[PDB]
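Here's the letter readout for the chains.
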Protein chains: 6
Amino acid sequence: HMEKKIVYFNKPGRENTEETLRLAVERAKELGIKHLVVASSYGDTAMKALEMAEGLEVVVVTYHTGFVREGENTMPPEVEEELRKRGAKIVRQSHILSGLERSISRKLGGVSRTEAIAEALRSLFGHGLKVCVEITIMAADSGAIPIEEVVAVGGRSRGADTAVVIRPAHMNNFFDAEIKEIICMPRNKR
Amino acid sequence: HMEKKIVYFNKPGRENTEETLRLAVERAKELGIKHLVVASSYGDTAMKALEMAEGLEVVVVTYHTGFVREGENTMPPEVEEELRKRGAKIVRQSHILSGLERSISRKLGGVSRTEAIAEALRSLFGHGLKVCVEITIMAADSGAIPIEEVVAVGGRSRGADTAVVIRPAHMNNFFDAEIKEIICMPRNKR
Amino acid sequence: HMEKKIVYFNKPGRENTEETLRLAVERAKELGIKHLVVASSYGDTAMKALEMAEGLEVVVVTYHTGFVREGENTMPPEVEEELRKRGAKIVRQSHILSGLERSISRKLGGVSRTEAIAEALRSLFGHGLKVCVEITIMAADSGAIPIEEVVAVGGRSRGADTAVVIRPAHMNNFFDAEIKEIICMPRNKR
Amino acid sequence: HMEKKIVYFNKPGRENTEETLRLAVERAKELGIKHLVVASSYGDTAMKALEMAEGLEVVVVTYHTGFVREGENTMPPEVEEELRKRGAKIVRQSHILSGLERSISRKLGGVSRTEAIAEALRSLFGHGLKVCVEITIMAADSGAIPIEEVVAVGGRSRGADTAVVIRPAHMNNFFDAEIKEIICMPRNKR
Amino acid sequence: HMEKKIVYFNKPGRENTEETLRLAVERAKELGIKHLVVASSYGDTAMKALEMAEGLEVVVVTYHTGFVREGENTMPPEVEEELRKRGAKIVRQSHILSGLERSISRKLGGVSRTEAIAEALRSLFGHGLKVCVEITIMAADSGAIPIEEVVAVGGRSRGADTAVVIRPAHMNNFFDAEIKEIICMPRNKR
Amino acid sequence: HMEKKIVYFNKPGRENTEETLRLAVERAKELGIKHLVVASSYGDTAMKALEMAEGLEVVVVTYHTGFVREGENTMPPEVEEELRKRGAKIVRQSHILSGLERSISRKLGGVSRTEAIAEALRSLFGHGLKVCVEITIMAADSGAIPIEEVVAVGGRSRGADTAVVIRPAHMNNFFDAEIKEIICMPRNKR
Ligand SMILES: Cc1cc2nc3c(=O)[nH]c(=O)nc-3n(C[C@H](O)[C@H](O)[C@H](O)COP(=O)(O)O)c2cc1C
Ligand SMILES: Cc1cc2nc3c(=O)[nH]c(=O)nc-3n(C[C@H](O)[C@H](O)[C@H](O)COP(=O)(O)O)c2cc1C
Ligand SMILES: Cc1cc2nc3c(=O)[nH]c(=O)nc-3n(C[C@H](O)[C@H](O)[C@H](O)COP(=O)(O)O)c2cc1C
Ligand SMILES: Cc1cc2nc3c(=O)[nH]c(=O)nc-3n(C[C@H](O)[C@H](O)[C@H](O)COP(=O)(O)O)c2cc1C
Ligand SMILES: Cc1cc2nc3c(=O)[nH]c(=O)nc-3n(C[C@H](O)[C@H](O)[C@H](O)COP(=O)(O)O)c2cc1C
Ligand SMILES: Cc1cc2nc3c(=O)[nH]c(=O)nc-3n(C[C@H](O)[C@H](O)[C@H](O)COP(=O)(O)O)c2cc1C
């Protein structure tokens, strides 16, 4: 057995961003992990991650085109260009913990099994954990990370509040993904 | 923020039982928690929990009647009688992270949203975490615990390997349940 | 073939309680049945059942804790204590003809297969029949009745209006449950 | 309240056909019901129903074309012609307690809510009751019966073993259908 | 390979009726097809189809009884009588691209797999194509057409705007149905 | 109304690749369409598309990483590099007409609404049409195409056999996608 630190935040959400990234990088370095997978909708957390990465490869997972308005991206080109210049990979694809079922539930009614899994992760462990899982599958399916332990970072709405060590998998073998360690999360999710 | 210990086990399953209970009791006492909710199919973990509880109220959650063979219980009367003599509460009811949908998926085919949630908890966090959640809802619905933070304990197949601090909820408000802290779990679930 | 009496009530609901119990007990005694399984939310029907049981074992199935408000019971302690003094068993657990799917349908939308079965029983045969089935599975899963024919009693909202002879089963073998006889029910369910 | 006869058969299935029809006609006449809705796959029960109808209008509900082999009917033309000559209506359409979902569950896997309702009716009340319900909705949707109480007759595999008094409804208002009385059914469904 | 004409209409709906029928009949005759399957709710398109059929057998598929109001038909008797006099077959049965699931989604919430298929056909190819498919399965299940290529015609709300050459199938082998050719459809569905 | 050519192939599959691309490019140029979205698993169809594009922008949609083996890509780096050199965009992301539901149906059983839509497209219109739709949503979600009419190309297993003019949409507004024209498809899908 391994006794490790876990950090619990008093509140969820964006105030926790810098500490989450610090702890994420700290654990990655202890484990010899190479990839830091970070959710960033508009680019703030991505930029902070690059500043703090200390040599880790940063894989930024952003919103699918059309998440807010069809055909539009939340992260603007000038931000994306700077992230790429600083060596980030950018993953932009469908959100795999809802998928096409979101169109059906929104327009016609009734949620799917996938959406139920998403909501149980949100409720039990917080939105940031749900996102950690979701972005890891997306990064894997998009070919941005290998099937090796990575550190994933997500949050509630904006910024970051949760970091995990996770073994990735794909949309066709989701039950092979595994949370190895929880580095930090809000004690209070809501 | 709160920096706490989390213990990761190298293997899942029954070898971790005594350490899981020790750590569960340790955290409950730090937090002023009164109830220890423990999964025990045949009674072994329940008996160990009572020995180690140091004044906590132990709520034992066992298998539903008929889990293996219709009309039969896995925990035998002599064990149940001893647990009750030592002050345990016993919860015996339907397993709420499958429910009647298990009859449908087994006989007719296709899993439900509830069963999908269960499997995602098993795969991401291990069977013991899934059980921690499940038994907490069952204990709440059966009227054995209040809606206050409790420590829940479960494992892979037999014994215990996972302990959490959890805010309970019921079958009709499941998304109000929340994992506040993870005390210990297997690093490797399988 | 066996020609038997069935009693059809003109209206559903609580006005039928005493006659339903009378007919339930009458049929149980004809068949040599030992257990009378009765739904009672607040305790009225349970108390009447005990008065009328004539030596049958009464198994009272009540609401899950949290059915109305989280952490609260509809049947109050003083009633529960009196029922136990008079020899009733009390079953309090999750309602198995909805289960965790009720949280999903209420919060996120869309009903499950289990909830669809429940509604078809309510519509075709009345709420009291649906309850008869539901409480029999619950009583079985909670270990309160054997897998032998029992008489079950339920109603529309309050009291009783339907009684059946039923072969129990569990949440994992629901399709083995069987209605052997319908003793009484409302001709008009609504 | 109304005290009536119900007849319970010792075995399910085809041996009960003549008695089921006799009892069905008897009850229809007591109630002033005009329509007798009868399941007949190959025509035997339909022919017997016409012989025994004593002035009731017989609505025969048969298998959908393709139930056994695509493009083929189980009831042959010579039988259909004789039934029509004797004044029967013939309903031949999709089986509405499975519908298109049967193609999905058979080819791709997983049963629907509709198929789950069907199976619960089969298990709790027997196949003949399930059929009584199903054929009443089909007869209504096909325009063969009005929305008035009718007597419906069905069975296990062949012949008849169950008769009910039922208020019809359609595929779009199924929960308005109601079983008013159960005239006869097998005590033992299987 | 076969180079053929397809006609795209600028608008969906009833304005396209006469041209759709003309093109449908034209293609049927080129292929030696015998049956023209036409959706007609109130009878207008059916009557026009008979006028234009030039010796094809017209199979009219109308609304299920109760589509608007329980127990009522949209096509009135005087129209049905005239269609039959002119040699049409009339199919009136449950709408198989929703079925009983429509009662569940309307009353209780959440759409089925069948309803999701229907909506995807409506959105991708227009309501008229969805109807072409639906009425072909209905006509097959009702025994009105053989399992041979037919031309099917449907539209948006009223009239016709889409015609296809289709290989029929039944509710239990839906995935054997196949669109061989699209004769005409709206370029703009909405 | 617009009378246009549609080409029907006698057989599905890879033999149709060059003609499908020729017809796709022909129609795009007639309409002033700028983007040709092409499915290519291993790269063959992509390379042919670039050769034949005549100035259109080619958006290649390939398999998700892990489609065959976790962590592996079907299109090898040397092919991807050449496609990029020749000006193709490459979309690699989760397959949105199955998504995470594929893990659930494969491991646990039962298909989703999304998978049912996919299968209905495959059966009615052929695998190549299904792919045309799927890759258009993926290309949109990945930010590779605007919400303007595009020509999409897909096939049965390998190569191409179907081309459409399609208005894209995203995973959250799928029912806004629309097939404007079918350029070519197999008359016989299987
Ligand atoms: C693919 C994706 C899915 C997300 N899902 C959720 C969600 O379910 N709940 C939530 O609160 N935030 C969600 N987020 C937000 C992230 O957790 C994170 O707070 C955000 O991307 C950071 O953006 P910023 O760097 O611009 O602040 C999601 C983000 C992404 C990229
Ligand atoms: C309600 C209930 C559900 C359970 N579900 C699972 C499960 O999903 N997977 C698993 O490996 N063990 C499961 N278990 C087993 C428990 O996690 C634990 O290992 C067991 O109850 C301990 O029994 P013992 O004390 O007799 O060893 C379940 C136990 C209970 C009581
Ligand atoms: C587990 C459970 C489920 C019930 N479900 C329903 C229901 O679906 N519809 C309904 O009208 N009543 C339902 N009831 C109410 C019972 O049928 C019965 O009328 C009630 O429990 C009697 O309570 P009383 O004795 O306090 O009057 C349910 C009761 C229980 C205990
Ligand atoms: C629409 C339809 C559905 C049926 N479904 C079932 C069924 O679920 N189970 C069963 O045992 N028989 C089923 N049957 C059979 C009937 O209950 C009845 O036994 C049969 O139609 C009588 O045919 P016969 O007169 O040729 O003997 C069905 C029949 C029809 C027409
Ligand atoms: C079984 C059936 C299902 C139909 N479903 C739809 C539908 O989904 N959307 C729609 O716009 N029209 C639908 N229609 C309407 C038809 O496509 C067609 O426009 C109509 O039946 C023509 O009726 P009329 O001849 O009285 O104008 C449906 C019609 C039938 C008979
Ligand atoms: C995202 C994606 C999904 C696909 N789904 C299917 C499918 O459902 N059925 C099928 O026969 N082919 C499917 N294909 C194969 C394509 O239609 C096409 O034949 C193939 O990608 C061409 O690869 P090649 O250029 O290496 O021959 C799919 C391809 C992709 C990229």
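Residues numbered from 1 in each chain as written, not as in the entry; some residues may be left out. Chains lettered and ligands numbered in written order. Heavy atoms only, no water. Residues with missing side-chain atoms left out of burial classes, pairs and counts.

Structure determination for this entry is recorded as X-ray crystallography, at 1.30 Å resolution.

Anyone opening this PDB entry will find it titled "CRYSTAL STRUCTURE OF an alpha/beta domain of a putative pyruvate kinase (AF0103) FROM ARCHAEOGLOBUS FULGIDUS DSM 4304 AT 1.30 A RESOLUTION".

**Describing the UniProt feature "domain: Pyruvate kinase C-terminal" (unreviewed entry) in chain A**
Just so we agree on the cut-off: UniProt positions are given in the numbering used here, feature names are shortened, and annotations may be inferred rather than shown by experiment. Secondary structure elements follow DSSP: runs of H or I of four or more residues count as helices, runs of E of two or more count as strands, with numbering from the N terminus.
This chain's UniProt record puts "domain: Pyruvate kinase C-terminal" (unreviewed entry) on residues 19-165 of chain A. Between the end C-alpha atoms of residues 19-165 of chain A the distance is 16 Å, and the span holds 45% helix and 16% strand.

**Section: the site of ligand 2**
Residues and elements named next belong to chain B. Selection criterion: Throughout, the term near means that a residue has one or more heavy atoms lying within 4 Å of the molecule or strand in question. Polar contact is the term for a pair of N or O atoms within 3.5 Å; when the atoms are in protein, one must be able to donate a hydrogen and the other to accept it, and sequence-neighboring residues count only if both atoms are side-chain atoms. Accessible areas in this description were obtained via Shrake-Rupley with a 1.4 Å probe; residue shielding takes into account the shown protein chains only. All amino acids are sorted into three groups, where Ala, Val, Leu, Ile, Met, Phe, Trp, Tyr, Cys and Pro are nonpolar, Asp, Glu, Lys and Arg are charged, and the leftover types, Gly among them, are polar.
Taken together, 22 residues sit near ligand 2, with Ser 40, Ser 41, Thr 45, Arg 122 and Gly 155 positioned nearest. Within the side chain of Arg 122, an N or O atom sits 2.8 Å from an oxygen atom of ligand 2. Contacts to ligand 2 include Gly 159, whose backbone N or O atom sits 2.8 Å from an oxygen atom. The protein chains hide 96% of the 630 Å² of surface that ligand 2 would expose on its own. Secondary-structure elements contributing two or more residues to the shell around ligand 2 are α2 (44-52), β3 (57-62) and α6 (127-141). Looking at the shell around ligand 2, the element that brings in the most residues is α6, giving 5 residues. Of the residues that constitute the shell around ligand 2, the class distribution is 6 nonpolar, 10 polar and 6 charged.

**Points about the pairing of strand β7 (residues 178-186) of chain A**
Residues and elements named next belong to chain A. Keep this limit in mind: For every residue, the accessible area obtained with a 1.4 Å probe (protein chains only) is divided by the maximum for its type, and the residue is called buried under 20%, exposed over 50%, and partly exposed between those limits. For two strands to be treated as a pair, DSSP must find no fewer than two bridges joining them.
Of all 9 residues in β7, 9 are buried; the element is thus mostly enclosed. Pairing of strand β1 (residues 2-9) with β7, which is carried by 3 bridges, proceeds in the parallel orientation. Its bridge partner lying in β7, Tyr 8 is registered against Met 185. The sheet contact formed by strand β6 (residues 162-167) and β7 spans 5 bridges and is antiparallel. Its bridge partner being in β7, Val 165 is matched across the sheet by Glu 181.

**Some thoughts on the relation of the copies chain C and chain D**
To be explicit about the condition: Copies are aligned to one another through a least-squares fit of their C-alpha atoms. In this analysis, two residues are considered to be in contact whenever any of their non-hydrogen atoms come within 4.5 Å of each other.
In screw terms, the move from chain C to chain D is a rotation of 180° and a rise of 0.0 Å along the axis, fitting with an RMSD of 0.0 Å. In the structure described here, the two chain copies are related by an operation that fits a two-fold rotation axis. A shared binding surface is used by both copies, with 100% of the interface residues of chain C retained as interface residues in chain D.

**Considerations on the arrangement of the chains**
Over all C-alpha pairs, chain B and chain E never come within contact, reaching a minimum spacing of 13 Å. At the C-alpha level, the nearest point of chain C lies 13 Å from chain F, with no contact between them.

**Concerning the pattern of salt bridges**
Quick note on the threshold: The term salt bridge refers to a pairing of a side-chain nitrogen on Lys or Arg with a carboxyl oxygen on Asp or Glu at a separation within 4 Å.
The tally for this structure, following the rule as stated, stands at 114 salt bridges over all chains. A salt bridge links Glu 70 of chain D to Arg 167 of chain E; the shortest N-O distance between them is 2.8 Å. Of this pair, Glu 70 of chain D sits in the loop between β3 (57-62) and α3 (77-85) while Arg 167 of chain E sits in strand β6 (residues 162-167), placing the two residues on different chains. Here the salt bridges do not stand alone but share partners, grouping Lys 4, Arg 27, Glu 30, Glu 149 and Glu 181 of chain A together with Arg 187 of chain B into one network.

**So, the interface of chain C and chain D**
Interface size is often expressed as the accessible area that is lost when the parts come together. On the side of chain D, 40 residues touch chain C, which itself brings 40 residues to the contact. Of all the secondary structure elements, the ones that give two or more residues to the side of chain C that touches chain D are β1 (2-9), α5 (113-125), α6 (127-141) and β7 (178-186) of chain C. Counted by class, the side of chain C that touches chain D contains 22 nonpolar, 5 polar and 13 charged residues. Pairing of β1 of chain C with strand β1 (residues 2-9) of chain D, which is carried by 7 bridges, proceeds in the antiparallel orientation. Opposite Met 2 of chain C, over in β1 of chain D, you have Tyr 8 of chain D as the bridge partner.

**Quick look at the relation of the copies chain B and chain A**
Mapping chain B onto chain A calls for a screw motion: a turn of 180° about the axis and a shift of 0.0 Å along it, with 0.0 Å RMSD after fitting. Of the interface residues in chain B, 100% have counterparts in chain A that sit at the interface too, so the contact is made through matching surfaces.

**Examining the interface of chain B and chain A**
With 40 residues of chain B at the interface, the matching set in chain A holds 40 residues. Every element with two or more residues in the side of chain B that touches chain A is listed here: β1 (2-9), α5 (113-125), α6 and β7 (178-186) of chain B. Counting residues per element, the side of chain B that touches chain A draws most heavily on α5 of chain B, which supplies 9 residues. Considered class by class, the residues forming the side of chain B that touches chain A number 22 nonpolar, 5 polar and 13 charged.

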